[PDB]
Amino acid sequence: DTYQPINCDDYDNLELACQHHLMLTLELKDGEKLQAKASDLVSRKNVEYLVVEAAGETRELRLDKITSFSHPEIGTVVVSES
Amino acid sequence: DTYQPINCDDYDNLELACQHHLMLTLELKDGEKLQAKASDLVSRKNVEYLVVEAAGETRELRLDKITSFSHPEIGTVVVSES
Amino acid sequence: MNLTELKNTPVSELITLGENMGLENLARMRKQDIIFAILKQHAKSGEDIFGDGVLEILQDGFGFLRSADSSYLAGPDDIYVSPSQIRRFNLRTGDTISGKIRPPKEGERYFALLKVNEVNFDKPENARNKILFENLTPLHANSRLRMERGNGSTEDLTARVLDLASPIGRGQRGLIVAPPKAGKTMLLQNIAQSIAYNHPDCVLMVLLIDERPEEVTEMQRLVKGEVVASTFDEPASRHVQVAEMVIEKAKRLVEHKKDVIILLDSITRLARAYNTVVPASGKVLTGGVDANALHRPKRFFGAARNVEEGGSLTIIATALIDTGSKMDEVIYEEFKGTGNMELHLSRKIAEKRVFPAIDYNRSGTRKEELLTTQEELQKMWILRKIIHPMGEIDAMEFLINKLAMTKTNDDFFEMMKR
Amino acid sequence: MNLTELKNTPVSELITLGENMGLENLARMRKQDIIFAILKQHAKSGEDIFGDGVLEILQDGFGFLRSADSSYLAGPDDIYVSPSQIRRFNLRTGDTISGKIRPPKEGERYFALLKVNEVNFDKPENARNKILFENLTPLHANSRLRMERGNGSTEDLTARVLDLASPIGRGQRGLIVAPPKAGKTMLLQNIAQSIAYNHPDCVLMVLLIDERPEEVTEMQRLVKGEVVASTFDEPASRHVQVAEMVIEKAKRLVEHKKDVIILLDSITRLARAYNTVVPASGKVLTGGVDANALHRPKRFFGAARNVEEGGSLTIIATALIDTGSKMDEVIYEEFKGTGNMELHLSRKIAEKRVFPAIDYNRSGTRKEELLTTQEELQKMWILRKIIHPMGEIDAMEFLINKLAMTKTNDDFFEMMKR
């Protein structure tokens, strides 16, 4: 469907977490908790993409496929659903 | 018999070797390996020449005849065929 | 409603606005406190809040969305934008960003951007793939800006004289040579009003440098377009930073195929401001003006061009001559032949209370063929063939009466013949 | 991919080409940055890259190849030349080097030369045995460059009038003296058209200094040779750099027995630019012109010569007079008696809208008997006797009227006999 841009708050936090080179917990639709690592965001044709290198499969997934994420070091951040 | 000038990158490395006077490992087209100290780069009759000495060998040989050279501090360089 | 609406709300209205919305306290005289409380109350209640501003990228790495109403002056209400957002959407200085605004967190002295909605009056996706201004190929001004109101009023007389003396086209790089007492201010007001009347589509903008606050107030009331100015009491750094903000915004609009018109008053003061801020390179010209100082104003003046792809930038600047300081005149000669259009003002004509005090013998544009039609070209050719042999002071007297007896310059041209 | 064709590609097509490779956000950066970004991506594929340019040797010792498309402006796309290569091949500033390129490595911010296979459009081993320009023997011009085209067009009148007044030969050191509004630009454009049509073998270069950005664009459209210009919004050092690159490049071509023609506009602005850059010497003439400042423009203007061996260098530089600046008058004073050919434009003739506004009586050439034949020279003397009594305005009107009805200068002479 149509892509939507994320807010400035979570975008800054997501980049800061990736820039800090610390593993962050990520959850999927199945509810599995994985301490995955996100390298950076690649924007092709005005579409944002994310790759997880923790598992080694480096799958290219959209930024709208993540329910929520948190960091043990800092306060939890919730991505706005709309 | 016509001389083929070497690439600019190869010439710069050899001149840097000649200025530093390092014990390069020279091997020719036939595969004759010898270790000598580079002294200077000269040109005669539009033909570039390299003078290398090993225990006072001060021999003279063409640049294109050299196939590759290496040093402990400088990576191995393979000259282009043309 | 937005932050702009709350900022310009009348004091009586906002007090009534606070009471009906259920504000805890209405005894806060400072408007900064009350707007912060309202925005926080809206934010904590879950109601979205939006804001708009003009981006200014600082050398540190982040930027502030300045507001044009305050003449882009720094303030606590300026919206902060993180460097991550700038790199994400490829924002440049002068871009206008409107979108959802986040209340400040702990330690944040300014409101921080929450979500960007529109960039340069366009969606961010389609505004990040516009060709840069420097890559645009300049062209001569072909389509002209008619400034004749066509109403017959005495105010139209000045516009009609300017139309005959020197046509103005979109993309022109004009210059206005004026002695200190020549009615420069009234001429500028007429042009700005005429542009809005004749060409509402073109984006109008007026920049005043080193001007009294009283002149700023009347300009905003008169000129329909955005008016930005800097008072004389402000430091020279303020003059430099306000001029760069104006030109940067103009370039961004031009990249969107938008015709932008800038009226400058005065280029001499702007050049003077740059002289006192740039470091001395050891080579100083006569008059105590650094040679490298004039490079920056020429960059501002040289941006006026007509773009082959679309849009244009028209800069009309006033140069002060014979003000008693030799710094002004040596600056003026550096702009002698840098403009397509020039207009001179005669002090002696202004002495006789004759307005406008333009010097017809020393005014015109470099290529009138593109702007004017063939029939108009000959009529102007004939008209200048008559004024040139005779004097200049009586020429203005000849011009004003002849245009007065007629209604439109087209009617004036035909009545001159036979 | 060849670099020179990449720069000729329009920026809009580069975005399409760049996005095809997968690069993003390249629409908001300058064209030079786009070219550098594109090349790096293509270099990652391992394919060979070909580039070319004009060598400029900095004071440090290393050199850069700069393209004439961007008027030899420093940029990321420039190719780095190591100091060893400048000694391996005996290279001077202005040499045109063509060869393979390699992508930058760690610590390198520029592309580097890989294999030279062409110097000055010749083999590298043959371009190191060319005698220097300074060692050549100057001579008077003896080969005529005929501006006349013979098509009978109205624009051909300017060329025909030029031949009658001031014949131009290979190696001439011309000087066009022009008031501000004498149609100087149209005169230069007409000369360039004649050179590109009558003499396609001669290398044509047009050098514009302190020119308006719109004027630069039109020259590149209608000039078949090479146009390099520096706009008035650039630092004075940039004006010096482009002039040095043009003259040095011209000298290298002359060493290969080629006819090079340089159309300079103007020597006045070039001398003014050198006045800023050159440090003060303590002897300041009137108008603020340093004594040593004028030395460099004399070197540029004095290079025009007819080499005794093959090749020649023609320089036709325009001069500005009565512009209201004392500095301009001083500069023109020092260049008064240095040119073999002088062509004077009259403002009075320009006012009457009669073009070309050439002052026939004050314009001529030295040693004109060498350029033309005996019969043609005798006819030219007859015409000068007729013109001499008449005034400047009368002569030009008389000349064109008797010249319009004839399609060739030779036919005009035959008609004038009877």
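Including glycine, each Cβ sits where the backbone N, Cα and C put it.
Taken verbatim from Swiss-Prot:
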| type | residues | note |
| --- | --- | --- |
| DOMAIN | C:48-123 | domain 'Rho RNA-BD' |
| REGION | C:61-66 | region 'RNA-binding 1' |
| BINDING | C:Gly169, C:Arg170, C:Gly171, C:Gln172, C:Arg173, C:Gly174, C:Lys181, C:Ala182, C:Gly183, C:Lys184, C:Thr185, C:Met186, C:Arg212 | ATP binding site |
| REGION | C:284-288 | region 'RNA-binding 2' |
| SITE | C:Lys326 | site 'RNA-binding 2' |
* **Between C:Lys326 (site 'RNA-binding 2') and C:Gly169 (ATP binding site): CA-CA distance (Å)** => 33
* With an 8 Å cut-off on Cβ-Cβ distance and a minimum sequence separation of at least 6, pull the same-chain contacts of C:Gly171 (ATP binding site), or say none. => C:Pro138, C:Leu139, C:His140, C:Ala141, C:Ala304, C:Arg305, C:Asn306, C:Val307, C:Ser312, C:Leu313, C:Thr314
* Structure fact -> If one takes Cβ-Cβ under 8 Å and requires six or more residues beyond its ends, the residues near the region 'RNA-binding 1' (C:61-66) are 51-55, 72-74, 78-83, 86, 91, 93, 97, 110, 113, 245
* C-beta crowding around C:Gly183 (ATP binding site), within 10 angstroms -> 18
* Might you list, by sequence position, any residue in that chain lying six or more from C:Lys326 (site 'RNA-binding 2') with a Cβ less than 8 Å away from its Cβ? => C:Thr286, C:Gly287
* Asked: Within 10 Å of the Cβ of C:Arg212 (ATP binding site), how many other Cβ atoms are there?
  -> 12
* Three-class DSSP secondary structure - C:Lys181 (ATP binding site) -> coil
* Three-state secondary structure, which DSSP defines for C:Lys326 (site 'RNA-binding 2') -> helix
* To do: Write out the long-range same-chain contacts of C:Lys181 (ATP binding site), meaning residues 6 or more apart in sequence whose Cβ is under 8 Å from its Cβ.
  => C:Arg347, C:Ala350
* **Cα-Cα distance maximum in Å, computed over every pair in C:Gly169, C:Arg170, C:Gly171, C:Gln172, C:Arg173, C:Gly174, C:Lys181, C:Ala182, C:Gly183, C:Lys184, C:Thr185, C:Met186, C:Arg212 that the record assigns to ATP** => 30
* Asked: Per 10 Å Cβ neighbour count, which of the binding-site residues C:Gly169, C:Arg173 ranks highest?
  -> C:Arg173
* Which number gives the other C-beta atoms within 10 angstroms of the C-beta of C:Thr185 (ATP binding site), all protein chains shown included? -> 16
